Amino acid sequence: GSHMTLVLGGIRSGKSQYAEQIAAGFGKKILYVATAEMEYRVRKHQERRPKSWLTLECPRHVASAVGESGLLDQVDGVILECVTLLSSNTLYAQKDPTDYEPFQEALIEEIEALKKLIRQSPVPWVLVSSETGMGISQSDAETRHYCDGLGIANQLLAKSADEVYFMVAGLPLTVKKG
Amino acid sequence: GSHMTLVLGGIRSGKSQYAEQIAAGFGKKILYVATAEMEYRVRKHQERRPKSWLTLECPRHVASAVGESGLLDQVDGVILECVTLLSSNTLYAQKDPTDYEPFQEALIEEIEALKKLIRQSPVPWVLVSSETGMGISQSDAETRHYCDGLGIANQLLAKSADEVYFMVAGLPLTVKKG
Amino acid sequence: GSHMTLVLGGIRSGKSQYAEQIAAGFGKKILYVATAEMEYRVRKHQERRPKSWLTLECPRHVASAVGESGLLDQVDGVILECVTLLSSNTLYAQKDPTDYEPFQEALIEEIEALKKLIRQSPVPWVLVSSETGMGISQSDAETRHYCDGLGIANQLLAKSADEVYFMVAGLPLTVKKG
């Protein structure tokens, strides 16, 4: 029952289900902050999440949107899904994604804003992120930069978080617990 | 000394040696179930495994073959080498490997059959699998699908298993122990 | 405060900072052994490491160079940065990098020499290496061989080391501690 929880893991590691159980532990009304991406919209099938949960779609400037919504004052907890897509959205919105500096600085501004919000938050947070740095060194410069930036974001979040879990095949290894 | 053991790890993580030590802990006669792939056969050099061990070659429908062999009634334990190649064989045998649904469902049927067999087994099992989901997101659709399917299989097996070990540089981290 | 420490992790895992803290724990004068690669030299900005630390540049035959320098008799501890670049230098110096055997044997000779030196060393060692085997199976033969060789080196070092740490998002998981 910590204030800030980071759950990270690889592809099909069960990180979403575990973070969702932590968030259900927060309470019955949960803010599911979804960072996913003219006239109409087509949507891929959404996960079957609880009925009392409210969903906040914000692909960029997550801390700003969540703070402006005021919804932190009507829920019991926050699940952020996920740091991975937030990094992806920050990269694909730069002018040159093969350049590292602007994307890195923008993602760091984003993560620092999230740390500020969570520290000042009345409800607890569980955040979902991916581990992508333990593979072969990819060749693409855009891809290497993305991997580096996500990893930096994960370091910053793990340091600010009270509990940090690393998922292997659906089961959590405790990295940090108060 | 649990009933079902899952040992997973990356490339050159020592998972095979550690699973083989667990299996040697099972007893002296071990069933080594090998899931590897016109007139003749050429073979790559096999690992030097104990003399009393019996080797069962079955690249697909592993639970069916092991059950039909009856060999669970003549050995002290089973080492399954490995879930990785079983997923690979299930993928490369579909009509279209760039399609996800058939491969996913076939691999899930395979893993569910293995869970059933192990639950009904008189001897214990140690299973070897790979962790492949902590790298950069690969581009190939066949490859992404394979990675997703292996990870799902690893979740199902870890949940059914009594002990789960994650290998780093030859040494085990305990993920789950009864 | 062990004799031989191995810190490994992925891209942007904080392994360098953590190994540097262990080394600062060794004492005030530390040998930073850097394995990085006609008339002049251009250099990328170096990390801001302590003033009393001495830096030894040796991209290949690390044990030989460190032993010949005699510097193990003027410092309080050694940080080796890093096994990853040492493997890379050993691979790129072979005639055919798509061939596995020569590179593998040369890297094993290198790691065995390092194990010998550390065992015979008056000061303790912390070594930095990368985990690269938990991603999708790469296609390139040179790349697959490199990944296999680094993983073998990490096994040998982890076995000889007294303490082994695996880094996730800047935080260490203890793999082995005396």
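Here's what I pulled together on the structure shown here.

### Some remarks on a negative patch on the surface
Negative charge collects at one region of the surface, where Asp96(A), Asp99(A), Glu101(A) and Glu105(A) lie side by side. Along the polypeptide, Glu101(A) turns up in helix α4 (residues 101-119).

### Examining unusual backbone geometry
Most peptide bonds take the trans configuration, and most residues that are not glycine carry a negative phi. Residue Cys82(B) is bonded to the preceding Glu81(B) through a cis peptide linkage, with omega at 0°. A positive phi is found at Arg12(B), a non-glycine position, where the angle reads about 50°. Turning to its location among the elements, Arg12(B) is positioned in the loop between β1 (4-9) and α1 (15-26). Despite not being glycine, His61(C) shows a phi value in the positive range, around 55°. Tracing the backbone shows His61(C) in the loop between β3 (54-57) and α2 (62-69). By relative accessible area, which is 47% here, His61(C) ends up partly exposed.

### A look at the interface of chain A and chain C
Listed per partner, the contact involves 21 residues of chain A and 21 residues of chain C. Across the chain A to chain C interface the summed buried area is about 1,600 Å²; carbon plus sulfur atoms make up 70%. Of all residues in chain A, the largest losses of buried area upon contact with chain C belong to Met134(A), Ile136(A) and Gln155(A), amounting jointly to 40% of the total for that side. Here chain A is connected to chain C by 1 salt bridge. Inspection of the region where chain A meets chain C yields 4 residue pairs in polar contact. Breaking the side of chain A that touches chain C down by element, the ones donating at least two residues are α5 (141-160), β6 (163-168) and β7 (171-176) of chain A. Top element by residues in the side of chain A that touches chain C is α5(A). It accounts for 7 residues. Class assignment of the residues belonging to the side of chain A that touches chain C gives a composition of 11 nonpolar, 7 polar and 3 charged.

### Here's the deal with the interface of chain A and chain B
By a frequent convention, interface size equals the accessible area lost on bringing the separate parts together. Across the boundary between the two partners, chain A contributes 21 residues, which contact 21 residues of chain B. Each partner contributes to the roughly 1,600 Å² buried at the junction of chain A and chain B, and carbon and sulfur atoms together form 70% of this total. At the boundary of chain A and chain B, one finds 1 salt bridge. One salt bridge in this structure joins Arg12(A) and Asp148(B), with 2.9 Å as the shortest N-O distance. Those elements giving two or more residues to the side of chain A that touches chain B turn out to be α5, β6 and β7 of chain A. Counting residues per element, the side of chain A that touches chain B draws most heavily on β6(A), which supplies 3 residues. Along the lines of polarity and charge, the residues of the side of chain A that touches chain B split into 10 nonpolar, 9 polar and 2 charged.

### A word on the nonpolar core
In this structure, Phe166(A), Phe166(B) and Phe166(C) are the most contacted members of the largest nonpolar core, which totals 123 residues. Other than its neighbours up to four places away in sequence, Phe166(A) contacts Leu8(A), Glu131(A), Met134(A), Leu171(A), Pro172(A), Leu173(A), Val175(A), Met134(B), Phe166(B), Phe166(C) and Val168(C).

### Concerning the relation of the copies chain A and chain C
With an RMSD of 0.0 Å, the operation that places chain A on chain C is a rotation of 120° combined with a shift of 0.0 Å along the axis. Taken together, the rotation and translation relating the two chain copies correspond to the operation of a three-fold axis. Relative to the rotation axis, the closest C-alpha in chain A is found at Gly135(A), a distance of 2.2 Å.

### Notes on the packing of helix α3 (residues 83-92) of chain C against helix α5 (residues 141-160) of chain C
Residues and elements named next belong to chain C. Relative to each other, α3 and α5 sit at 135°, their axes nearing to 10 Å. On the basis of the axis angle, α3 is oblique to α5. In this structure, the crossing between α3 and α5 has a hand that is right-handed. Counting all contacts with α3, which are made through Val-83, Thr-84, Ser-87, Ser-88, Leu-91 and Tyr-92, the residues of α5 involved are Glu-142, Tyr-146, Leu-150, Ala-153, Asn-154 and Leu-157. Partitioned by chemical class, the residues of the contact of α3 with α5 number 7 nonpolar, 4 polar and 1 charged.

### Some thoughts on the environment of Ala63(B)
Residue and element names in this part refer to chain B. By secondary structure assignment, the location of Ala-63 is in helix α2 (residues 62-69). For the pair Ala-63 and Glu-109, spaced 46 residues apart in the sequence, the C-alpha separation amounts to 10 Å. Other than its neighbours up to four places away in sequence, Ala-63 contacts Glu-110, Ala-113, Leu-114 and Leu-117.

### A look at the pairing of strand β5 (residues 125-130) of chain A
Within a regular strand, the side chains alternate between the two sheet faces. All names here are of chain A. Summarising burial for β5: 6 of the 6 residues are buried, a large majority. Every second residue of β5 is oriented toward a common face, with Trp-125, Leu-127 and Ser-129 on one face and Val-126, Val-128 and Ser-130 on the other, all of them buried. Pairing of strand β1 (residues 4-9) with β5 involves 6 bridges; the strand directions are parallel. The residue of β5 that forms the bridge with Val-7 is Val-128.

Calculation notes
- Residues numbered from 1 in each chain as written, not as in the entry; some residues may be left out.
- Chains lettered and ligands numbered in written order.
- Heavy atoms only, no water.
- Residues with missing side-chain atoms left out of burial classes, pairs and counts.
- Patch = residues over 30% accessible without salt bridge, like charges linked within 9 Å, V, L, I, M, F, W, Y side chains within 5 Å.
- Areas by Shrake-Rupley, 256 points an atom, 1.4 Å probe, with all protein chains shown as cover.
- Salt bridge = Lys/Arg side-chain N within 4 Å of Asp/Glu carboxyl O.
- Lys, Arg positive; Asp, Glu negative; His and termini not counted.
- Charge placed at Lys NZ, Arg CZ, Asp CG, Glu CD.
- Helix = DSSP H or I, 4+ residues; strand = E, 2+ residues; numbered from the N terminus.
- Buried < 20%, exposed > 50% of the residue type's maximum accessible area, 1.4 Å probe, protein only.
- Contact = heavy atoms within 4.5 Å.
- Buried area = accessible area lost by both parts, 1.4 Å probe.
- Polar contact = N/O pair within 3.5 Å; in protein donor to acceptor, adjacent residues only side chain to side chain.
- Nonpolar A, V, L, I, M, F, W, Y, C, P; charged D, E, K, R; others polar.
- Core = buried A, V, L, I, M, F, W, Y, C linked by side-chain atoms within 4.5 Å.
- Least-squares fit on C-alpha atoms.
- Axes fitted to C-alpha atoms, helices over the stretch in contact; angles between N-to-C directions.
- Parallel < 35°, antiparallel > 145°, perpendicular 65-115°, else oblique.
- Left-handed = near helix turned anticlockwise from the far one by under 90°.
- Pairing = 2+ DSSP bridges.

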